[PDB]
Amino acid sequence: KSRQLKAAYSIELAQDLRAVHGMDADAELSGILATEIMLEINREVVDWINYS
Amino acid sequence: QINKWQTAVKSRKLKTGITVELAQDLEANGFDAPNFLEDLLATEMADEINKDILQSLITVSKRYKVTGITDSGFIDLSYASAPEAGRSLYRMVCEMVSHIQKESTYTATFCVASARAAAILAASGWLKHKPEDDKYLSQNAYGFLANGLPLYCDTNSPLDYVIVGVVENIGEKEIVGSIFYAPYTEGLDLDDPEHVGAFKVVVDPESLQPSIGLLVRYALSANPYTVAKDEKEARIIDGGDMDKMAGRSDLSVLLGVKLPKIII
Amino acid sequence: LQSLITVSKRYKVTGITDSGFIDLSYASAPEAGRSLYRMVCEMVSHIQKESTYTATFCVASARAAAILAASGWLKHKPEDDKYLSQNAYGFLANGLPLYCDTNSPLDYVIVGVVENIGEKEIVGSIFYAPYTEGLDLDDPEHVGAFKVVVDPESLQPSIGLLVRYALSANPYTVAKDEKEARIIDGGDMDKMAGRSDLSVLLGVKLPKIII
Amino acid sequence: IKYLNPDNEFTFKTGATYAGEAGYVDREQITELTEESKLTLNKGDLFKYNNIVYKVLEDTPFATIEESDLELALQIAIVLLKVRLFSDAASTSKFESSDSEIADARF
Amino acid sequence: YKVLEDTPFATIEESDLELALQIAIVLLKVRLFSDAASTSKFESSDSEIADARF
Amino acid sequence: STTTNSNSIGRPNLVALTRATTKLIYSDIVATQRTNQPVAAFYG
């Protein structure tokens, strides 16, 4: 079974963040998607343990 | 007292895209298709930037209303007694310059006019092209005036007029003028940053022809000491907001010109 | 010169140039030249507005050039001949060199452009563009070539020359028939005449010289 | 070789901008001036003439302009600060909604 | 000269034919005919070549 | 009698390419400096 997420950010934002905060505004966002997915998977396993 | 004039940067965006078969035809026909395309967007955008600045200038500059001959917001110039038609405009150019020098303290370093307004001013004499003096015309001026200002042409706005105003740069931070443009590129990864703005390419997912566009961002703000005649006294002033700032500025002065129509 | 006259757009203003020409008297001395200098300036900025090009030359009939000279603001001053190419009557305050026609029966003033932006970007009202390739020429800068025949009855010599050229109109010029087309005949003055964004003509009305 | 705006006119002859607040599709919503429509305008309204987008600064622009030639009446409205040229850059959000229109460049 | 618009001089009130003609050029009724020949004019095997004289 | 009414032309010579563009005069109109933030604020 699969599991997936999308970010969809603007160009103008990415430029503004690099100028204002220094954040890449790509990696800090793709990092969330990847983190959220791995976290949800890890929960799924714990939840199946408590379920079963 | 120290006040600030603040604006956000605003954006401009163009899109072209050339069908693969058409792009191939451009090469076949003697054109550099990939450079043609980038030059097209860059050119059209630069053209729109120029139009924006000139049109914004028209709407920011103060009106030179005089009880004697300009209380219409423009000067009426005929063909009778021909040298007078240009010389009575030259006089307005000089008076507008002095008005700026007195009210803003700046020297009013340029003069810009419509194609016909520029011609009628040139017709006065007291204007010279003098290729030997091209060094100080930036290869842009029509020519220059006896009073020292270069004369530039607009040609884009539907107005027929003459504006005088200032561009000065003392150094480091002491930069003054009517409208600052002030482009924003920080954070944008550029090949030769002097370009300003950037290109993006996508390519359609159905038709597979390429697609390309260009993004530019800038402030185009008003100068310090200018406050719309609404608030009058403010500490934080929106340097944009042309709906209130329009027509109220001491770094540039406008006088329109009334001429007989061109027969088409 | 004649091709330029019949291609250039006519300058007409309700104020002083209707009917296609400006009427200039001897009253108020310099005014006659001044009211023409102004026409030169207006026609010049008109071209920039409509074509983006700078209207780099001015040509006039011999008399029209004199009328213009009467205003002052036209100078020969030999020390400055560098920019007249030994041809111009003199230079104007507005930066254009003034050349004389001296030949056509028209009495007028034309402003227009000749520019060279490099390699291919050759721009201007009329391109002349002679065709010499294929002719083995004695002095390749001659343009065209000579032939000698000699008669078959008498044996006297017979000499002549043939020259060939395009004389093309400039792009963005379209006859007021098609108005917009993908292929435009760059010649055919019968249709192209009076149409051009790169040159503007104003005639001049003067009293006659007594013969 | 000519560079054209979205209405396929020479960019250097039209005098209008498109890649900004005026937009291109937006011109299909902006009212043109007519001998009657000039009288229904108030502060904040947009209108167009010869594809240039204009904005009203003062309620009932043309209230005091006796000029019958609409083109000149408009030039007067610009001079008298009743109407301002609307050409300007867009608020950044204009192109971020994804429900966006980018003015075309043509040739 | 060559006629661009039929009935040239229809709207030229000038009585001096020479000036009326200058007006016709200005008004684009008539064009100066100086022009180059079609190439075929000289390859006919029977053609007139303008004389040069001195 | 071969003449130009017999011979054909494969391709014309372009001779020249002209592109009419606006002369952009704004650098002589506006006093500039670049902005390195999404917002600029000038001091008077």
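Residues numbered from 1 in each chain as written, not as in the entry; some residues may be left out. Chains lettered and ligands numbered in written order. Part of a larger assembly, values for the part shown. Heavy atoms only, no water.

Trainee: Help me understand the interface of chain D and chain C, please; the structure alone is not making it clear to me.
Mentor: Put simply, an interface is often sized by how much accessible area is lost when its parts join up. In this assembly, five residues from chain D lie in contact with seven residues from chain C. Interface area, chain D with chain C, both sides summed: about 430 Å², of which 50% is carbon and sulfur. It is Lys-2, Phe-12 and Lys-13 of chain D in chain D that bury the most area against chain C; as a group they hold 71% of the surface buried on that side. For the interface between chain D and chain C, the tally reads two salt bridges. The closest approach of N and O atoms between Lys-2 of chain D and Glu-180 of chain C, which form a salt bridge, is 3.6 Å. Linking chain D with chain C are two residue pairs in polar contact, by the criterion used here. Looking at the side of chain D that touches chain C residue by residue, the class counts come to three nonpolar, no polar and two charged. (Contact = heavy atoms within 4.5 Å. Buried area = accessible area lost by both parts, 1.4 Å probe. Salt bridge = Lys/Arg side-chain N within 4 Å of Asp/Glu carboxyl O. Polar contact = N/O pair within 3.5 Å; in protein donor to acceptor, adjacent residues only side chain to side chain. Nonpolar A, V, L, I, M, F, W, Y, C, P; charged D, E, K, R; others polar.)

Trainee: Would you mind going over the state of the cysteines with me for this structure?
Mentor: Any covalent bond linking the sulfur atoms of two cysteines counts as a disulfide. Residues and elements named next belong to chain B. What the rule picks out here adds up to zero disulfides over all chains. For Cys-111, which is in no disulfide, the shortest distance to another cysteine sulfur is to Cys-94 and amounts to 9.5 Å. Unpaired in terms of disulfides, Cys-153 finds its nearest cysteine sulfur in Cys-111, a separation of 9.5 Å. (Disulfide = S-S within 2.5 Å.)

Trainee: Please explain the interface of chain F and chain B as it appears in this structure.
Mentor: With 27 residues of chain F at the contact, the number on the chain B side is 50 residues. Both sides of the chain F and chain B interface together cover about 3200 Å² of buried area, and 59% of this is carbon and sulfur. Taken together, chain F and chain B are joined by two salt bridges. A salt bridge links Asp-39 of chain B to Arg-19 of chain F; its shortest N-O distance comes to 2.7 Å. Counting the contacts that link chain F with chain B gives 13 residue pairs in polar contact. For the side of chain F that touches chain B, the residue count by class is 14 nonpolar, nine polar and four charged. Bridging between strand 1 (residues 4-8) of chain B and strand 1 (residues 39-43) of chain F involves five bridges; their strand directions are antiparallel. Within the sheet, the bridge partner assigned to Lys-4 of chain B lies in strand 1 of chain F and is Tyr-43 of chain F. (Pairing = 2+ DSSP bridges. Helix = DSSP H or I, 4+ residues; strand = E, 2+ residues; numbered from the N terminus.)

Trainee: Looking at this model, I keep getting lost on the packing of helix 2 (residues 31-51) of chain C against helix 3 (residues 62-69) of chain C. Mind explaining?
Mentor: The description of two helices packed together rests on the angle between their axes and the distance between the axes. Residue and element names in this part refer to chain C. At their nearest, the axes of helix 2 and helix 3 sit 7 Å apart, and the two run at 105° to each other. As summarised for this structure, helix 2 and helix 3 are arranged roughly perpendicular, according to the angle between their axes. Taken together, the residues of helix 3 that come into contact with helix 2 (itself represented by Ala-32, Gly-33, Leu-36, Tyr-37 and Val-40) are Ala-64, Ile-67 and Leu-68. (Axes fitted to C-alpha atoms, helices over the stretch in contact; angles between N-to-C directions. Parallel < 35°, antiparallel > 145°, perpendicular 65-115°, else oblique.)

Trainee: In this structure, what is going on with a positive patch on the surface? I would like to understand it.
Mentor: A contiguous patch of positive charge on the surface is contributed by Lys-229, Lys-232 and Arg-248 of chain B together with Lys-43 of chain D. Position of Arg-248 of chain B relative to the elements: it lies in the loop between helix 5 (242-245) and strand 15 (252-258). (Patch = residues over 30% accessible without salt bridge, like charges linked within 9 Å, V, L, I, M, F, W, Y side chains within 5 Å. Areas by Shrake-Rupley, 256 points an atom, 1.4 Å probe, with all protein chains shown as cover. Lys, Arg positive; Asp, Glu negative; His and termini not counted. Charge placed at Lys NZ, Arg CZ, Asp CG, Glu CD.)

Trainee: So what exactly am I meant to see when it comes to the pattern of salt bridges here?
Mentor: A side chain of one charge can pair with a side chain of the opposite charge when the charged atoms of the two come close. In the structure shown here, the tally under the stated rule is 36 salt bridges over all chains. Here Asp-47 of chain B and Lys-51 of chain B are joined by a salt bridge, their closest N and O atoms 2.4 Å apart. Placement of both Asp-47 of chain B and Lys-51 of chain B in helix 2 (residues 33-60) is noted, with a separation of four residues, approximately one turn of the helix. With a closest N to O distance of 3.0 Å, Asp-243 of chain B and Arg-84 of chain D form a salt bridge. Taken together, the residues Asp-243 of chain B in helix 5 and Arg-84 of chain D in strand 4 (residues 83-85) connect one chain to another.

Trainee: I would appreciate a short explanation of unusual backbone geometry in the present structure.
Mentor: With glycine set apart, most residues show a phi of negative sign, and most peptide bonds adopt trans. Positive phi values are uncommon outside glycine, yet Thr-105 of chain B reaches one of about 80°. Considering the arrangement of structural elements, one finds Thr-105 of chain B in the loop between helix 3 (83-103) and strand 5 (110-113). One non-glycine residue, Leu-81 of chain D, lies in the positive phi region at around 60°. With respect to the secondary-structure elements, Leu-81 of chain D resides in the loop between helix 2 (70-79) and strand 4.

Trainee: Would you mind showing me how to read the domain arrangement of chain B here?
Mentor: All names here are of chain B. Assigned domains within chain B: domain 1 (1-61 + 167-244) and domain 2 (62-166 + 246-261). The C-alpha-based centres of domain 1 and domain 2 are spaced at 27 Å. Each partner contributes to the interface: domain 1 provides 19 residues, whereas domain 2 provides 24 residues. Carbon and sulfur atoms supply 58% of the area buried between domain 1 and domain 2, which totals about 1900 Å² over both sides. Looking only at domain 1, the three residues that lose the most surface to domain 2 are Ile-58, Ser-61 and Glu-168, adding up to 31% of its buried area. Counting the contacts that link domain 1 with domain 2 gives zero salt bridges. The interface formed by domain 1 and domain 2 includes twelve residue pairs in polar contact. (Domains from an automatic or database assignment.)

Trainee: Would you mind showing me how to read the side chain of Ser-45 of chain C here?
Mentor: Among the secondary structure elements, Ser-45 of chain C is positioned in helix 2. The class for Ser-45 of chain C is buried, based on a relative accessible area of 2%. The contacts of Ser-45 of chain C, once residues within four sequence positions are left out, are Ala-115, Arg-116 and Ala-119 of chain B. (Buried < 20%, exposed > 50% of the residue type's maximum accessible area, 1.4 Å probe, protein only.)

Trainee: Help me understand the pairing of strand 1 of chain B, please; the structure alone is not making it clear to me.
Mentor: Side-chain direction in a regular strand flips from residue to residue, so the side chains alternate between the two faces of the sheet. Residue and element names in this part refer to chain B. Burial of strand 1 is one-sided: the residues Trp-5 and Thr-7 facing one way are buried, the residues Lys-4, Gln-6 and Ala-8 facing the other way are not. As defined by bridge partners, strand 1 adjoins strand 14 (residues 236-238) across three bridges and the pair is classed as parallel. Paired with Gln-6 across the strands is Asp-238, a residue of strand 14.

Trainee: Looking at this structure, how should I read the nonpolar core?
Mentor: Grouped burial of nonpolar side chains is what soluble globular proteins tend to show. Counting residues in each nonpolar core, the largest one holds 74 residues, and the members touching the most others are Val-112 of chain B, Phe-47, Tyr-54 and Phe-62 of chain D together with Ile-29 of chain F. Residue contributions to this core peak at twelve residues, all from helix 2 of chain B. For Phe-47 of chain D, the residues in contact, after removing those within four places along its chain, are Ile-30, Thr-31, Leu-33, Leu-41, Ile-52, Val-53, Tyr-54, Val-56, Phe-62, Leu-74 and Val-83 of chain D. Core analysis: the next-biggest nonpolar cluster, separate from the first, contains 65 residues, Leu-255 of chain B together with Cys-41, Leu-74 and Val-111 of chain C among them. (Core = buried A, V, L, I, M, F, W, Y, C linked by side-chain atoms within 4.5 Å.)

Trainee: Even after reading the chapter, I still don't get the environment of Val-162 of chain B, so can you show me in this structure?
Mentor: All names here are of chain B. With respect to the element layout, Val-162 can be found in strand 9 (residues 161-165). The sequence separation of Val-162 and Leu-254 amounts to 92 residues, and the corresponding C-alpha distance is 6.0 Å. Not counting residues up to four positions away in its chain, the partners in contact with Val-162 are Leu-89, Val-93, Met-96, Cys-111, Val-112, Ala-113, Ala-117, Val-253, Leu-254, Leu-255 and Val-257.

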